[PDB]
Amino acid sequence: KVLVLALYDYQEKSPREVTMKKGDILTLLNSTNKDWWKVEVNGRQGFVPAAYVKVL
């Protein structure tokens with residue numbers, strides 16, 4: 001699975017989102033949507049804005 005780096009803090013704002021801290025290394029689960037990527041952040045999966053992460 002592909003890793004992505006959180007470029008920005010993001011606090012979840014909806015039930016399917018997840019929170020990430022800048023600098024976090026997230027496992028990319030689903031990047032099919034242009035705007036929201038499903039990621040795994042420690043022990044949690046959910047969506048964050050695609051723009052706020054960078055594929056490694």
# chains A, B, ... in the order shown; residues from 1 in each chain; ligands from 1
call {"tool": "select_by_dssp", "arguments": {"residues": "chain A", "states": "strand (DSSP E)", "output": "NGL selection string"}}
result
:A and (3-6 or 25-30 or 36-41 or 44-49 or 53-55)
call {"tool": "write_last_selection", "arguments": {"atoms": "N, CA and C atoms", "output": "PDB file, in the first residue's frame"}}
result
ATOM      1  N   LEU A   3       2.196   5.043   0.650  1.00  0.00           N
ATOM      2  CA  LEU A   3       2.165   5.978   1.783  1.00  0.00           C
ATOM      3  C   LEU A   3       1.977   7.394   1.291  1.00  0.00           C
ATOM      4  N   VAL A   4       1.385   8.227   2.138  1.00  0.00           N
ATOM      5  CA  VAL A   4       1.222   9.649   1.781  1.00  0.00           C
ATOM      6  C   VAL A   4       1.542  10.450   3.017  1.00  0.00           C
ATOM      7  N   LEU A   5       2.034  11.653   2.805  1.00  0.00           N
ATOM      8  CA  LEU A   5       2.494  12.508   3.900  1.00  0.00           C
ATOM      9  C   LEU A   5       1.467  13.569   4.067  1.00  0.00           C
ATOM     10  N   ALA A   6       1.026  13.827   5.285  1.00  0.00           N
ATOM     11  CA  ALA A   6       0.046  14.891   5.494  1.00  0.00           C
ATOM     12  C   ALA A   6       0.821  16.208   5.433  1.00  0.00           C
ATOM     13  N   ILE A  25       2.367  10.056   8.494  1.00  0.00           N
ATOM     14  CA  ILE A  25       2.550   9.213   7.323  1.00  0.00           C
ATOM     15  C   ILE A  25       1.353   8.313   7.301  1.00  0.00           C
ATOM     16  N   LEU A  26       0.534   8.474   6.265  1.00  0.00           N
ATOM     17  CA  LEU A  26      -0.776   7.784   6.166  1.00  0.00           C
ATOM     18  C   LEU A  26      -0.723   6.763   5.078  1.00  0.00           C
ATOM     19  N   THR A  27      -1.378   5.642   5.316  1.00  0.00           N
ATOM     20  CA  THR A  27      -1.489   4.593   4.311  1.00  0.00           C
ATOM     21  C   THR A  27      -2.658   4.974   3.369  1.00  0.00           C
ATOM     22  N   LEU A  28      -2.406   5.014   2.077  1.00  0.00           N
ATOM     23  CA  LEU A  28      -3.441   5.421   1.161  1.00  0.00           C
ATOM     24  C   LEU A  28      -4.318   4.243   0.831  1.00  0.00           C
ATOM     25  N   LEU A  29      -5.612   4.332   1.124  1.00  0.00           N
ATOM     26  CA  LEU A  29      -6.494   3.207   0.857  1.00  0.00           C
ATOM     27  C   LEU A  29      -7.187   3.355  -0.486  1.00  0.00           C
ATOM     28  N   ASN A  30      -7.660   4.566  -0.795  1.00  0.00           N
ATOM     29  CA  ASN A  30      -8.456   4.688  -1.987  1.00  0.00           C
ATOM     30  C   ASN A  30      -8.290   6.062  -2.522  1.00  0.00           C
ATOM     31  N   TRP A  36     -11.164  13.670  -2.232  1.00  0.00           N
ATOM     32  CA  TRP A  36     -11.111  13.069  -0.898  1.00  0.00           C
ATOM     33  C   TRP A  36     -10.453  11.713  -1.071  1.00  0.00           C
ATOM     34  N   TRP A  37      -9.413  11.428  -0.296  1.00  0.00           N
ATOM     35  CA  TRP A  37      -8.754  10.152  -0.370  1.00  0.00           C
ATOM     36  C   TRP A  37      -9.041   9.436   0.921  1.00  0.00           C
ATOM     37  N   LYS A  38      -9.282   8.149   0.820  1.00  0.00           N
ATOM     38  CA  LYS A  38      -9.423   7.328   1.964  1.00  0.00           C
ATOM     39  C   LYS A  38      -7.998   6.940   2.417  1.00  0.00           C
ATOM     40  N   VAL A  39      -7.749   7.148   3.683  1.00  0.00           N
ATOM     41  CA  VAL A  39      -6.441   6.849   4.257  1.00  0.00           C
ATOM     42  C   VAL A  39      -6.632   6.197   5.581  1.00  0.00           C
ATOM     43  N   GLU A  40      -5.532   5.639   6.081  1.00  0.00           N
ATOM     44  CA  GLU A  40      -5.419   5.005   7.395  1.00  0.00           C
ATOM     45  C   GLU A  40      -4.422   5.805   8.219  1.00  0.00           C
ATOM     46  N   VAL A  41      -4.865   6.289   9.373  1.00  0.00           N
ATOM     47  CA  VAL A  41      -4.077   7.219  10.168  1.00  0.00           C
ATOM     48  C   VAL A  41      -3.982   6.545  11.499  1.00  0.00           C
ATOM     49  N   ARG A  44      -7.142   4.228  12.372  1.00  0.00           N
ATOM     50  CA  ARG A  44      -8.408   4.791  11.926  1.00  0.00           C
ATOM     51  C   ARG A  44      -8.353   4.926  10.421  1.00  0.00           C
ATOM     52  N   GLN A  45      -9.466   4.654   9.732  1.00  0.00           N
ATOM     53  CA  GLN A  45      -9.563   4.866   8.290  1.00  0.00           C
ATOM     54  C   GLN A  45     -10.624   5.904   7.993  1.00  0.00           C
ATOM     55  N   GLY A  46     -10.412   6.745   7.000  1.00  0.00           N
ATOM     56  CA  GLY A  46     -11.492   7.639   6.667  1.00  0.00           C
ATOM     57  C   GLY A  46     -10.955   8.536   5.593  1.00  0.00           C
ATOM     58  N   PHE A  47     -11.705   9.557   5.282  1.00  0.00           N
ATOM     59  CA  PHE A  47     -11.315  10.402   4.188  1.00  0.00           C
ATOM     60  C   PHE A  47     -10.613  11.641   4.700  1.00  0.00           C
ATOM     61  N   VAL A  48      -9.622  12.053   3.927  1.00  0.00           N
ATOM     62  CA  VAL A  48      -9.060  13.406   4.084  1.00  0.00           C
ATOM     63  C   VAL A  48      -9.015  14.044   2.715  1.00  0.00           C
ATOM     64  N   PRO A  49      -8.863  15.351   2.646  1.00  0.00           N
ATOM     65  CA  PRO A  49      -8.769  16.030   1.362  1.00  0.00           C
ATOM     66  C   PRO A  49      -7.512  15.587   0.659  1.00  0.00           C
ATOM     67  N   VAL A  53      -2.503  15.969   1.146  1.00  0.00           N
ATOM     68  CA  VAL A  53      -1.521  14.915   1.316  1.00  0.00           C
ATOM     69  C   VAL A  53      -0.700  14.817   0.073  1.00  0.00           C
ATOM     70  N   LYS A  54       0.448  14.185   0.222  1.00  0.00           N
ATOM     71  CA  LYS A  54       1.396  14.038  -0.891  1.00  0.00           C
ATOM     72  C   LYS A  54       1.847  12.602  -0.966  1.00  0.00           C
ATOM     73  N   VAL A  55       1.589  11.942  -2.090  1.00  0.00           N
ATOM     74  CA  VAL A  55       2.055  10.584  -2.268  1.00  0.00           C
ATOM     75  C   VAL A  55       3.564  10.517  -2.166  1.00  0.00           C
TER      76      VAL A  55
END
call {"tool": "residues_around", "arguments": {"residues": "segment 7-11 of chain A", "least_positions_apart": "6", "cutoff": "7 Å", "atoms": "only C-alpha atoms", "output": "list in words"}}
result
residues 18, 19, 20, 21, 22, 23, 52, 53 and 54 of chain A
